[PDB]
Every structure is written in C-alpha cells, then in structure tokens.
Amino acid sequence: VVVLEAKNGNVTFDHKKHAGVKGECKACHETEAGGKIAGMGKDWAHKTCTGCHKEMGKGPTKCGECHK
Ligand code: HEM
Ligand code: HEM
Ligand code: HEM
C-alpha cells in the first residue's frame, strides 16, 4: 500500500480498491503508466480523493475515515 503522510494521521491508499474507476489510471495520474504525483498534498487530496468518493457514494468522506 501507499502511505500518504499527514501530521493529523497518515492516509493509506490501496490501488486494489481503486481499479474500475472512470479514467482508470488517469483518474489520478497524468499517464497510463502511473508514477509519483508531484502535486500530492492537502489541496490535491481534498479535491480529487474526496471529490470522487462523493461522486460515487463510496469511500471515505470524513476526516478520520482517511486520517488515522
Ligand atoms: C491501473 C492504473 C494505475 C497504474 C498503472 C498506477 C501506477 C502507479 C505507480 C507506478 C505508482 C508509483 C509507485 C512508486 O513509485 O512507489 C503509483 C502511485 C500512486 N498512485 Fe497509482 N496507478 C494506477 C491507478 C491509480 C488510481 C486510479 C489512483 C487514484 C484513485 C492512484 C493513486 C496513486 C497514488 C496516490 C500514488 C502515490 C503517489 C505518490 O506518493 O506520489 N493510482 N501508481
Ligand atoms: C474535514 C476533514 C479533514 C481534515 C480536517 C483534514 C486535514 C488535513 C490536513 C491538516 C492535511 C495536511 C497534513 C500535512 O501536511 O501534514 C491533510 C492532507 C491530506 N488529507 Fe485530509 N483532512 C480531512 C479530510 C480528508 C479526507 C476525507 C481524506 C481522504 C479522502 C483526506 C486525505 C488527505 C490526504 C491524502 C492528504 C495529503 C497527505 C500527503 O500528501 O502526504 N483528508 N488533511
Ligand atoms: C489519493 C486520493 C484517494 C485516497 C487517499 C482514497 C482513499 C480511499 C480509501 C482509504 C478507501 C477505503 C476506505 C476503507 O477501507 O475504510 C477508498 C475507497 C474507494 N475509493 Fe478512494 N481514495 C482516493 C481517490 C479516489 C478516486 C479519485 C476515486 C474515483 C475516481 C476513488 C474511488 C473509490 C471507491 C469507488 C472506493 C470504494 C472501493 C470498494 O469498496 O471496492 N477514490 N478510497
């Protein structure tokens, strides 16, 4: 898994749970190959991560559901 560090509690990101989303890899990455995400941080996460969870009605939307 990927551990996205945060001073209020790290967030654990699992690619397995994120297969079969619109755009597939390009939902989060510039390319189909993937890689590190230079823009990663609070602004990125609270837009893109939370945004999709709300759009799909699936996944964590409250602070402590991500930050542990
Ligand atoms: C099958 C499609 C995908 C591929 C091939 C892919 C590929 C990759 C690769 C190669 C890495 C870099 C791992 C490393 O260097 O340690 C990565 C990291 C990551 N991916 Fe994906 N990924 C895919 C889908 C997704 C999706 C859909 C999301 C969002 C929902 C996502 C979010 C992330 C995040 C947050 C990281 C960590 C980035 C960082 O720490 O800078 N990935 N992915
Ligand atoms: C209102 C509720 C939330 C609060 C108060 C909150 C607070 C924060 C704070 C203070 C940071 C910056 C941490 C740092 O730089 O050390 C951050 C970043 C982040 N948050 Fe949240 N957050 C909330 C909701 C969420 C949710 C629901 C998610 C998951 C969908 C999430 C995922 C993340 C991620 C992935 C980062 C970036 C970590 C990194 O790039 O290393 N947060 N958040
Ligand atoms: C880096 C950004 C993201 C983070 C940190 C994140 C985090 C998470 C976490 C922690 C879960 C599982 C919650 C649990 O097991 O308690 C989850 C589930 C889910 N996320 Fe994300 N997510 C991100 C981006 C996205 C995006 C962009 C999408 C849609 C395009 C998405 C769609 C989903 C879906 C559909 C689930 C439910 C999967 C299932 O139960 O099979 N997520 N996410």
Side-chain angles (χ1 to χ4, degrees):
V1 293
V2 179
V3 175
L4 302 169
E5 295 184 14
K7 65 173 57 48
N8 58 316
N10 297 339
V11 181
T12 295
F13 178 79
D14 182 272
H15 279 97
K16 214 183 98 77
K17 288 282 177 199
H18 289 84
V21 295
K22 181 184 179 176
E24 205 55 27
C25 317
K26 295 194 293 188
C28 299
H29 291 291
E30 177 161 284
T31 73
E32 177 173 48
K36 297 292 189 170
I37 298 171
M40 187 52 63
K42 173 178 61 142
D43 294 344
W44 200 103
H46 297 167
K47 173 180 177 57
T48 299
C49 310
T50 306
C52 176
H53 294 163
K54 290 188 178 169
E55 195 14 65
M56 296 190 62
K58 299 266 297 241
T61 61
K62 312 232 184 182
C63 320
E65 295 172 344
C66 288
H67 292 287
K68 296 190 178 299

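Residue numbers start at 1 and run along the sequence shown. Computed from heavy atoms alone, side chains included, the values below leave out hydrogens, waters and symmetry copies. Ligands are counted one by one from 1 in listed order, and the atoms in each one are counted from 1 as well.
- Interface of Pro60 with ligand 2, defined as ligand atoms under 4.0 Å from a residue heavy atom, comprises 30 (C).
- For atom 39 (C) of ligand 2, the closest non-hydrogen atom on the protein side is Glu5 O, 3.2 Å.
- In this structure, atom 40 (O) of ligand 1 lies nearest to the protein heavy atom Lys36 CD, 3.9 Å.
- Summary of contacts: the protein heavy atom closest to atom 14 (C) of ligand 2 is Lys7 NZ, 3.4 Å.
- For ligand 2, the atoms lying closer than 4.0 Å to a non-hydrogen atom of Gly41 are 37 (C), 40 (O).
- Atoms of the protein (N, O or S only) found under 2.8 Å from atom 21 (Fe) of ligand 1 are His15 NE2, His29 NE2.
- Considering backbone and side-chain atoms together, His53 places an N or O closer than 3.5 Å to an N or O of ligand 3.
- Partners of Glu30 according to the side chain to side chain contact (heavy atoms under 4.5 Å, CB included) rule, which considers only residues two or more places apart in sequence or in another chain, do not exist here.
- Residue contacts with ligand 3, taken as heavy atom pairs separated by less than 4.0 Å, involve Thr12 solely via the backbone atoms N, CA, C and O.
- Looking at atom 41 (O) of ligand 3, its nearest protein heavy atom turns out to be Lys17 CD, 4.0 Å.
- Heavy-atom proximity to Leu4, at under 4.0 Å, picks out these atoms of ligand 2: 35 (C), 41 (O).
- For ligand 1, the atoms lying closer than 4.0 Å to a non-hydrogen atom of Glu24 are 27 (C).
- Distances below 4.0 Å separate heavy atoms of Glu32 from the following atoms of ligand 1: 5 (C).
- Excluding waters, the set of protein N/O/S atoms under 2.8 Å from atom 21 (Fe) of ligand 2 reads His46 NE2, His67 NE2.
- Among the backbone and side-chain atoms of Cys52, none of the N, O or S atoms lies under 2.8 Å from atom 21 (Fe) of ligand 3.
- Heavy atoms of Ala19 come nearer than 4.0 angstrom to ligand 1 in no pair at all.
- The atoms of ligand 3 that sit less than 4.0 Å from any heavy atom of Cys49 are 1 (C), 2 (C), 3 (C), 4 (C), 5 (C), 23 (C), 24 (C).
- In the hydrophobic clustering, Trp44 connects to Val2, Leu4, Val11, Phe13, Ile37, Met40, either directly or through intervening members, whenever side-chain heavy atoms lie under 4.5 Å apart.
- Every atom of ligand 3 with a heavy atom of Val21 under 4.0 Å away is listed here by number and element: 29 (C), 30 (C).
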